[PDB]
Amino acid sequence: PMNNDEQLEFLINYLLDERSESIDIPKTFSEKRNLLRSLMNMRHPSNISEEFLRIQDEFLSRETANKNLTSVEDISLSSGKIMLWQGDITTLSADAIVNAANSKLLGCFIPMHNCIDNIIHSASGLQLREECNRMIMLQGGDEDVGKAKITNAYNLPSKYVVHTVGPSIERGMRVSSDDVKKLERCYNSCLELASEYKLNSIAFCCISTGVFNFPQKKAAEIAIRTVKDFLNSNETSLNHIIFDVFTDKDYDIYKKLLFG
């Protein structure tokens, strides 16, 4: 019964066999780990060995348990039902985390790319892309901006992942009212679906910032307002909405707006 390094070798070797190739297995653990992520990032969704899945799960679950995990009650920075936390969303045991997805909803196919979509899929497992693929098959095509779908979170410490597609801003364009309205719809759709599943806590990433080029201050102002308007006007199971920010800049913006 394999150790941690044998599990990692096994997973890498299986994915390389599937491609009919062979690179030289890197030296350092962290090199091989990055090879695994790349291989996972690129795998188009399809039937896969259950032996692989079992080993993937032991491997990724153990990785999850060796991170420093955060529970919702550990977050000290809060205003009523709203919380603000700077940290890695794959280490937060909210009922649901929000994935800022794209319209194909299969995650990120670019190896090592450090968008949240990539990071979430990398830590969750290949099953997340598969579950997403099925919801695409069933609806008969691509996901529109401003909606929300819920999946299992697999080897993350959260129970569910909620996938939403935000608007993108053309380079050098000002944000328009259409753009704002779409981003409000992302937040609301997430909040409504979480309410319908009776979740207690949900964590948002900064939807549409980064790759989709939405300006960070305006995005925050919209995220905060939409969440607040939703809480002020619905009876909801939700008691904790967490704004999970990764950058120092996002932290400073949300902090000033919520507490400053």
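Don't overthink the numbering: it's just position in the shown sequence, from 1.
As the entry records it, the average C-alpha temperature factor is higher for 122-130, out of 122-130 and 153-161. Higher mean CA temperature factor between 11-19 and 242-250: 11-19, per the PDB entry.
Between the residues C115, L138, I75, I89, the entry's highest C-alpha temperature factor is the one at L138. For the set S46, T70, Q216, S195, the PDB entry puts the maximum C-alpha B factor at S46. In the PDB entry, a CA B factor belonging to the highest third of its chain's modelled residues is recorded for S103. Residue-level temperature factors show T28 in the highest third of its chain, judged at the C-alpha atom. Ranked by Cα temperature factor within the chain, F52 sits in the highest third according to the deposited record.
Compared with the other modelled residues of the chain, the Cα B-factor recorded for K228 ranks in the middle third. Among the modelled residues of the chain, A148 sits in the middle third by CA temperature factor in this PDB entry.
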